[PDB]
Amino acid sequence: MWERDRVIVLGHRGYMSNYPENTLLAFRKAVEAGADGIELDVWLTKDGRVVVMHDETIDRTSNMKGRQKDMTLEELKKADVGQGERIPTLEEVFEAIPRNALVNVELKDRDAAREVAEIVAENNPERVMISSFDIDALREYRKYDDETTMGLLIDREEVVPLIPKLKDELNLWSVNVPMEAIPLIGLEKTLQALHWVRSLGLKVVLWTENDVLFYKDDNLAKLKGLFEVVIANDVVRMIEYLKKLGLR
């Protein structure tokens, strides 16, 4: 399911450019706009529920304050996360979108690993990908699920040398890396790094801050053929760009 000819487009926290991030509304809209799937962030509540929130706290996206790890689900459901949307549980999300929609669950909380794995098992795990910046979260997830597709998010240069070992340890499908690499080490070195990871047998998932580096200098086009998935805030804009390049 993650291995396919057509480049995969995921809405970052749903169609977050046009709808409130990490909401059922945003998720539905992304898929309704033609995205292959969604990406989202999860944490474990004080009562053992898996909830969708990017930040460690609800302050930025909600009308309320607090750390979700320190709240119950019921407390959490008080909040307004945009346009009357409530913070969803992971199960709520699977219910909301098609059964074959791709879902990249980003584990923000190692404590959530076991629950996430159980829910995933019940919800067409073949279309699921687990990723994290936190290697320990990934290691914990592997205690409970050794089959589901896994990606390593990277934003530190020093992590890169570790990739071969991590791949073997975690059985990674992909590394999930930022367009920010280009201004950082230059396009050519970025191309070389991508070749390196591919030489390991890894696939590649691309992301950036607020979609800006995908389009600047036509950076994304330069990477043609070296990536299998893109995570984008503006789903439609990304789909249009890919069509223009003959990739959609």
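We number the residues from 1 along the sequence you see.
Of the two stretches examined, 184 to 192 and 25 to 33, the record assigns the greater average C-alpha temperature factor to 184 to 192. Within the selection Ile38, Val212, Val42, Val205, the deposited Cα B-factor values reach their highest point at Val212.
Take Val93, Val160, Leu153, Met129 and read off each C-alpha B-factor from the entry; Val160 has the highest.
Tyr141 sits in the middle third of its chain by CA B factor, as recorded in the PDB entry. Ranked against the other modelled residues of its chain, the C-alpha B-factor of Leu223 as given in the entry falls in the middle third. In the PDB entry, a CA B factor belonging to the middle third of its chain's modelled residues is recorded for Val7.
When the modelled residues of the chain are ordered by C-alpha B-factor, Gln68 sits in the lowest third.
Among the modelled residues of its chain, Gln83 has a C-alpha B-factor that falls in the highest third, as given in the PDB entry.
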